[PDB]
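First up is the structure itself, then whatever we jot down about it.
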Amino acid sequence: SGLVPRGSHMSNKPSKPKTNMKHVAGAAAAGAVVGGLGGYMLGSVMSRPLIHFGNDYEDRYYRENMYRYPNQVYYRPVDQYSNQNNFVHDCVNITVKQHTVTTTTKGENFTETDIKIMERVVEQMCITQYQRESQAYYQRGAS
């Protein structure tokens, strides 16, 4: 018997870094205790409509209220339990704990209407997260 593990790093293949920022200063991130409990695979956005309210006030207030609250959802597949109804629960689970943290320094800044908006954006990330896995279940199994 013999153990023959794998690894892309074990090969020590020739790398090819293409970035000048590496040899250039600017900004840095501090906080060991922070990253120690981070490393989240939070999604991202660049193109396509996020909420697509359709109105001017909704899109205007939302754009300015983008910092008032998180618009993305935190990922955390590290869990044995699993359920459809509980699925979305995770989207708000991590979002809630992280949400209060942001308001731990202030406690209140957003307006009354901002809430109604924050509720929608949060419902889009939770609803869009579920459909995601669904695409895999549908393709592999077109019931």
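Letters A, B, ... go to the chains of the structure tokens in the order shown; residues in each chain start at 1; ligands are counted from 1 in the same order.
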Sorted by chain and rising residue number, which residues of segment 65-119 of chain A lie within 12 Å of segment 19-38 of chain A, and what are their closest atom pairs and distances in Å to one decimal, counting only C-alpha atoms, as a Markdown table?
```
| residue | atom | partner | partner_atom | distance |
| --- | --- | --- | --- | --- |
| A:74 | CA | A:38 | CA | 10.5 |
| A:75 | CA | A:38 | CA | 10.9 |
| A:76 | CA | A:38 | CA | 10.7 |
| A:94 | CA | A:38 | CA | 11.5 |
| A:98 | CA | A:38 | CA | 11.0 |
```
Output file for the selection above: C-alpha atoms, as an mmCIF file, in the first residue's frame:
```
data_model
loop_
_atom_site.group_PDB
_atom_site.id
_atom_site.type_symbol
_atom_site.label_atom_id
_atom_site.label_comp_id
_atom_site.auth_asym_id
_atom_site.auth_seq_id
_atom_site.Cartn_x
_atom_site.Cartn_y
_atom_site.Cartn_z
ATOM 1 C CA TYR A 74 -23.439 35.677 2.512
ATOM 2 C CA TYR A 75 -22.582 32.116 1.490
ATOM 3 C CA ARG A 76 -21.956 29.241 3.899
ATOM 4 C CA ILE A 94 -25.735 35.505 8.013
ATOM 5 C CA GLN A 98 -23.630 40.944 9.845
#
```
I'd like to know which of A:73, A:3, A:66, A:78 is closest to residue 93 of chain A, using only C-alpha atoms. A:73
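Closest to residue 77 of chain A among A:127, A:42, A:50, A:122 is A:42, based on only C-alpha atoms.
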Please run DSSP on the backbone and report, as JSON, numbers by chain, all residues within chain A that come out as helix (DSSP H, G or I). {"A": [21, 22, 23, 32, 33, 34, 35, 56, 57, 58, 59, 60, 61, 62, 63, 64, 84, 85, 86, 87, 88, 89, 90, 91, 92, 93, 94, 95, 96, 97, 98, 99, 100, 101, 102, 103, 112, 113, 114, 115, 116, 117, 118, 119, 120, 121, 122, 123, 124, 125, 126, 127, 128, 129, 130, 131, 132, 133, 134, 135, 136, 137, 138, 139, 140]}
Give me the residues near segment 58-63 of chain A as number ranges by chain, where near means some atom within 9 Å (using only C-alpha atoms) and where sequence neighbours in that chain fewer than 5 positions away do not count. A: 51-53, 113-114, 117-118
For the residues selected in the previous step, produce a file with N, CA and C atoms as a short mmCIF file (atom, residue, chain, number, x, y, z; two decimals), in the first residue's frame.
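See part14.cif below for the written result:
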```cif
data_model
loop_
_atom_site.label_atom_id
_atom_site.label_comp_id
_atom_site.auth_asym_id
_atom_site.auth_seq_id
_atom_site.Cartn_x
_atom_site.Cartn_y
_atom_site.Cartn_z
N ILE A 51 -32.37 45.23 -8.74
CA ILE A 51 -33.74 45.15 -8.27
C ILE A 51 -34.73 45.40 -9.40
N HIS A 52 -34.42 46.39 -10.24
CA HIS A 52 -35.28 46.73 -11.37
C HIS A 52 -36.63 47.23 -10.89
N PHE A 53 -36.62 48.22 -10.00
CA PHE A 53 -37.85 48.78 -9.46
C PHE A 53 -38.75 49.28 -10.58
N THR A 113 -38.45 54.98 4.81
CA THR A 113 -38.70 54.38 3.50
C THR A 113 -37.57 53.43 3.10
N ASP A 114 -36.37 53.72 3.58
CA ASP A 114 -35.21 52.89 3.27
C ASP A 114 -35.47 51.43 3.66
N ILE A 117 -37.24 49.35 1.15
CA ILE A 117 -36.33 49.02 0.06
C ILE A 117 -35.37 47.90 0.46
N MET A 118 -34.79 48.03 1.65
CA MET A 118 -33.85 47.04 2.16
C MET A 118 -34.51 45.66 2.22
#
```
